[PDB]
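See below for query-v2.cif, which holds mmCIF, C-alpha atoms and all ligand atoms.
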```
data_entry
loop_
_atom_site.label_atom_id
_atom_site.label_comp_id
_atom_site.auth_asym_id
_atom_site.auth_seq_id
_atom_site.Cartn_x
_atom_site.Cartn_y
_atom_site.Cartn_z
CA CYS A 1493 38.95 56.98 67.25
CA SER A 1494 41.97 55.58 65.41
CA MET A 1495 44.66 53.96 67.58
CA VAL A 1496 46.15 50.67 68.72
CA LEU A 1497 43.60 49.64 71.36
CA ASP A 1498 41.99 46.42 72.61
CA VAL A 1499 38.32 47.30 73.22
CA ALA A 1500 35.77 45.17 75.10
CA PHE A 1501 31.99 45.57 75.01
CA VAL A 1502 30.10 43.98 77.89
CA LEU A 1503 26.29 44.00 77.61
CA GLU A 1504 23.91 42.97 80.36
CA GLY A 1505 21.40 40.55 78.83
CA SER A 1506 19.22 39.79 81.86
CA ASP A 1507 15.42 39.46 82.13
CA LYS A 1508 15.43 42.81 83.95
CA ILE A 1509 16.91 44.32 80.78
CA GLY A 1510 14.43 42.55 78.47
CA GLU A 1511 14.78 41.76 74.76
CA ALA A 1512 13.73 45.21 73.47
CA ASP A 1513 16.24 47.05 75.66
CA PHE A 1514 18.95 44.47 74.93
CA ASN A 1515 18.44 45.08 71.21
CA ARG A 1516 18.83 48.80 71.90
CA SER A 1517 22.14 47.93 73.63
CA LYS A 1518 23.19 45.88 70.58
CA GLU A 1519 22.27 48.76 68.27
CA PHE A 1520 24.27 51.19 70.42
CA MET A 1521 27.26 48.82 70.20
CA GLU A 1522 26.95 48.41 66.41
CA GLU A 1523 26.97 52.19 65.96
CA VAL A 1524 30.11 52.50 68.09
CA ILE A 1525 31.94 49.74 66.18
CA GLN A 1526 30.94 51.43 62.88
CA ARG A 1527 32.46 54.75 64.03
CA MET A 1528 35.63 53.14 65.41
CA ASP A 1529 38.66 52.45 63.23
CA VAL A 1530 38.41 48.69 63.72
CA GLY A 1531 41.12 46.82 61.82
CA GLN A 1532 44.04 44.42 62.23
CA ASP A 1533 46.53 47.27 62.82
CA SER A 1534 44.23 49.55 64.84
CA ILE A 1535 41.26 48.94 67.17
CA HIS A 1536 40.51 45.32 68.10
CA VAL A 1537 37.13 44.29 69.57
CA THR A 1538 35.86 41.62 71.95
CA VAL A 1539 32.15 41.29 72.81
CA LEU A 1540 30.62 39.76 75.95
CA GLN A 1541 27.03 39.26 77.08
CA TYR A 1542 26.19 38.48 80.71
CA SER A 1543 23.37 37.75 83.14
CA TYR A 1544 23.29 34.37 84.91
CA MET A 1545 26.48 33.42 83.05
CA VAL A 1546 29.00 35.14 80.75
CA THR A 1547 29.14 34.45 77.01
CA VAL A 1548 32.11 35.49 74.88
CA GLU A 1549 30.28 36.53 71.70
CA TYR A 1550 33.46 37.54 69.87
CA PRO A 1551 37.01 36.97 71.17
CA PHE A 1552 40.07 39.05 70.22
CA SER A 1553 41.52 35.85 68.67
CA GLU A 1554 39.00 35.89 65.80
CA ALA A 1555 39.27 37.95 62.60
CA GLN A 1556 39.56 41.63 63.52
CA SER A 1557 37.64 43.11 60.61
CA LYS A 1558 34.64 45.41 61.08
CA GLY A 1559 32.46 43.32 58.74
CA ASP A 1560 33.16 40.05 60.58
CA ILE A 1561 32.56 41.66 63.99
CA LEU A 1562 29.36 43.49 62.99
CA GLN A 1563 27.77 40.36 61.50
CA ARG A 1564 28.52 38.28 64.61
CA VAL A 1565 26.94 41.09 66.65
CA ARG A 1566 23.76 40.86 64.53
CA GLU A 1567 23.73 37.12 65.26
CA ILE A 1568 23.92 37.64 69.06
CA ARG A 1569 20.83 36.26 70.79
CA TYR A 1570 19.36 37.75 73.95
CA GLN A 1571 19.89 35.27 76.80
CA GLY A 1572 17.45 36.80 79.32
CA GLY A 1573 19.04 35.35 82.48
CA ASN A 1574 17.71 35.63 86.03
CA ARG A 1575 20.80 37.33 87.54
CA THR A 1576 23.02 40.37 86.93
CA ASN A 1577 26.41 38.76 87.56
CA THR A 1578 28.53 41.84 86.89
CA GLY A 1579 31.35 40.56 89.13
CA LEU A 1580 31.64 37.41 87.01
CA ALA A 1581 31.76 39.47 83.79
CA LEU A 1582 34.61 41.56 85.24
CA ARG A 1583 36.53 38.38 86.20
CA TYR A 1584 36.21 37.20 82.57
CA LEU A 1585 37.84 40.45 81.43
CA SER A 1586 40.83 40.17 83.78
CA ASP A 1587 41.27 36.40 83.68
CA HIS A 1588 40.28 35.58 80.06
CA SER A 1589 39.32 38.34 77.58
CA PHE A 1590 42.50 40.43 77.82
CA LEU A 1591 44.95 37.52 77.88
CA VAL A 1592 47.51 37.36 75.06
CA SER A 1593 46.60 33.66 74.75
CA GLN A 1594 43.05 34.82 73.94
CA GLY A 1595 44.11 37.25 71.19
CA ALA A 1596 44.90 40.41 73.17
CA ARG A 1597 47.96 42.45 72.17
CA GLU A 1598 50.58 42.89 74.91
CA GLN A 1599 51.53 46.48 74.03
CA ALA A 1600 47.97 47.69 73.37
CA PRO A 1601 46.07 49.55 76.11
CA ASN A 1602 42.77 47.98 77.26
CA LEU A 1603 39.38 49.71 77.32
CA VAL A 1604 35.97 48.37 78.36
CA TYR A 1605 32.50 49.79 77.79
CA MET A 1606 30.06 47.97 80.06
CA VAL A 1607 26.32 48.52 79.61
CA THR A 1608 24.25 47.73 82.70
CA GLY A 1609 20.83 48.78 84.01
CA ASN A 1610 20.70 46.98 87.36
CA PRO A 1611 22.66 46.44 90.59
CA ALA A 1612 25.20 43.60 90.56
CA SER A 1613 23.84 40.31 91.94
CA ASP A 1614 27.30 39.08 92.91
CA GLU A 1615 30.60 40.07 94.49
CA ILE A 1616 32.58 42.63 92.52
CA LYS A 1617 36.35 42.81 92.97
CA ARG A 1618 38.33 45.80 91.72
CA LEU A 1619 40.03 45.12 88.37
CA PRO A 1620 43.77 45.46 87.73
CA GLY A 1621 44.53 49.05 86.70
CA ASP A 1622 45.58 48.06 83.17
CA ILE A 1623 41.96 47.18 82.36
CA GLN A 1624 40.17 50.51 82.03
CA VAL A 1625 36.41 50.26 82.52
CA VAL A 1626 33.91 52.91 81.45
CA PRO A 1627 30.58 51.88 82.99
CA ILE A 1628 27.47 52.91 81.09
CA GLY A 1629 24.68 53.01 83.67
CA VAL A 1630 21.35 53.05 81.88
CA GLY A 1631 18.03 53.89 83.54
CA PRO A 1632 16.85 54.52 87.12
CA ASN A 1633 17.90 51.10 88.48
CA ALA A 1634 21.67 51.45 88.02
CA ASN A 1635 23.68 51.26 91.25
CA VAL A 1636 25.67 54.45 90.64
CA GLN A 1637 28.24 54.28 93.47
CA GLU A 1638 28.92 50.63 92.61
CA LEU A 1639 29.65 51.75 89.03
CA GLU A 1640 31.81 54.62 90.28
CA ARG A 1641 34.05 52.14 92.15
CA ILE A 1642 34.25 49.75 89.17
CA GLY A 1643 34.98 52.66 86.83
CA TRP A 1644 37.67 54.64 88.67
CA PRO A 1645 39.43 56.66 87.26
CA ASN A 1646 36.53 56.72 84.76
CA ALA A 1647 33.26 58.42 85.65
CA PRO A 1648 30.23 56.32 84.73
CA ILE A 1649 28.32 57.49 81.66
CA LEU A 1650 24.75 57.82 82.91
CA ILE A 1651 22.00 57.46 80.29
CA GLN A 1652 18.33 58.17 81.11
CA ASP A 1653 16.93 55.05 79.38
CA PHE A 1654 17.68 52.40 76.74
CA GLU A 1655 15.72 54.38 74.13
CA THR A 1656 18.24 57.23 74.52
CA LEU A 1657 21.32 54.94 74.63
CA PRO A 1658 21.88 54.42 70.87
CA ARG A 1659 21.17 58.09 70.14
CA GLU A 1660 23.28 59.76 72.86
CA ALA A 1661 26.02 57.37 74.02
CA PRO A 1662 28.09 56.73 70.83
CA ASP A 1663 29.43 60.34 70.72
CA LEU A 1664 30.50 60.14 74.38
CA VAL A 1665 32.02 56.68 73.94
CA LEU A 1666 34.14 57.81 70.97
CA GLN A 1667 35.29 60.99 72.72
CA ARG A 1668 36.50 58.80 75.61
CA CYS A 1669 38.16 56.41 73.14
CA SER A 1670 40.21 59.09 71.37
CA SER A 1671 41.18 61.35 74.30
CA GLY A 1672 41.57 58.63 76.94
CA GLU A 1673 39.41 60.63 79.36
CA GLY A 1674 35.75 61.50 80.02
CA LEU A 1675 34.37 65.00 79.43
CA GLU A 1676 34.60 67.93 81.89
NA NA B 1701 46.10 44.43 75.47
#
```

Taking this structure as input, can you express it in the form of structure tokens?
Ligand code: NA
Amino acid sequence: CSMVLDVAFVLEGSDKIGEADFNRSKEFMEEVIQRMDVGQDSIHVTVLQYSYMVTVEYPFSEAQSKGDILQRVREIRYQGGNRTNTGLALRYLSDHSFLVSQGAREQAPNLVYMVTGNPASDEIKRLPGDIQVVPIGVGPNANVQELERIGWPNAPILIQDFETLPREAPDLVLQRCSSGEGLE
């Protein structure tokens, strides 16, 4: 995937996820960033972690080089919160992450890959259409119809478990990046 694109990664870092499975999420994300043409004139990346609260791990407003982003990702620490506040994470995207004042490019399309394994704890409001969300629902505890509503027009990418995530998901994520649509 090589294009002008503001990409967000949103990883659930709750206790229900656990440190092992969160690290699998991190490793999935690293592999995606490695495959993406991340650079000042191409793909830009923001990274969020959420559970009880939402942490901006890397804003668009910081250096948009693959090396700088990947190293910050390695430094991300599992929070292990007691909630899955997916609604709050989505509000961050619309009201903070994708603002020009926060480093987003006005003429770049917006794409979000959100990794979650549990039902939302909180109220979820539908995002403005200009923020495209591709939900990645991992494991048996994902609330699928909830993800379908968050994702529209994007079908959720359903992954059997966090072990499979870093192996299977990157290909699908990059296909969606380049074409602008999910498969079949
Ligand atoms: Na943008």

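Counting all atoms listed in the file, the residue from A:1637, A:1534, A:1608, A:1652 that sits nearest to ligand NA 1701 (chain B) is A:1534.
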
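Residue nearest ligand NA 1701 (chain B), chosen from A:1536, A:1668, A:1566, A:1583 and counting all atoms listed in the file: A:1536.
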
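Nearest to ligand NA 1701 (chain B) of all the residues A:1567, A:1533, A:1638, A:1598 is A:1598, based on all atoms listed in the file.
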
Tell me which protein, DNA and RNA residues are within 9 Å of range 1546-1552 of chain A, counting only C-alpha atoms, leaving out same-chain ones fewer than 4 positions away, and put them as a PyMOL selection string. chain A and resi 1498-1500+1536-1542+1556+1561+1564-1565+1568+1577+1580-1581+1584+1589-1590+1594-1597

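Checking A:1554, A:1523, A:1622, A:1507 one by one against ligand NA 1701 (chain B), counting only C-alpha atoms and all ligand atoms, you find the shortest gap at A:1622.
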
A straight line from CA of residue 1624 in chain A to CA of residue 1504 in chain A spans 18.0 Å

Selection near residue 1623 in chain A, 9 Å with only C-alpha atoms, sequence-local residues under 6 positions removed, as a PDB file with C-alpha atoms, keeping the file's coordinate frame:
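Saved as out37.pdb:
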```
ATOM      1  CA  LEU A1585      37.840  40.450  81.430  1.00  0.00           C
ATOM      2  CA  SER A1586      40.830  40.170  83.780  1.00  0.00           C
ATOM      3  CA  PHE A1590      42.500  40.430  77.820  1.00  0.00           C
ATOM      4  CA  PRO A1601      46.070  49.550  76.110  1.00  0.00           C
ATOM      5  CA  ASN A1602      42.770  47.980  77.260  1.00  0.00           C
ATOM      6  CA  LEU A1603      39.380  49.710  77.320  1.00  0.00           C
ATOM      7  CA  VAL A1604      35.970  48.370  78.360  1.00  0.00           C
TER       8      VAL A1604
END
```

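Here CA of residue 1558 in chain A stands at a distance of 15.9 Å from CA of residue 1666 in chain A.
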
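As for CA of residue 1575 in chain A and CA of residue 1654 in chain A, they are spaced 18.8 Å apart.
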
Could you give me the axis-aligned bounding box of range 1527-1545 of chain A, with 4 Å of padding per side, as centre plus edge lengths in Å to one decimal, as JSON?
```
{"center_x": 34.9, "center_y": 44.1, "center_z": 73.4, "size_x": 31.2, "size_y": 29.3, "size_z": 31.1}
```

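Distance check against ligand NA 1701 (chain B) using all atoms listed in the file: of A:1667, A:1553, A:1515, A:1571, the minimum falls on A:1553.
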
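Closest approach to ligand NA 1701 (chain B) among A:1514, A:1599, A:1502, A:1555 is made by A:1599 (distances from all atoms listed in the file).
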
For residue 1662 in chain A, list every protein, DNA or RNA residue within 12 Å, evaluated using only C-alpha atoms, and leave out those in the same chain fewer than 5 positions away; present the list as number ranges by chain. A: 1493, 1517-1528, 1605, 1628, 1649, 1651, 1656-1657, 1667-1669

Residues near residue 1576 in chain A, cut-off 6 Å, all atoms listed in the file, skip fewer than 2 positions along chain, as a ChimeraX atom specification: /A:1543,1578,1612-1613

Could you pull the residues within 9 Å of residue 1618 in chain A, counting all atoms listed in the file, minus those fewer than 6 positions along the same chain, as a PyMOL selection string? chain A and resi 1582+1641-1642
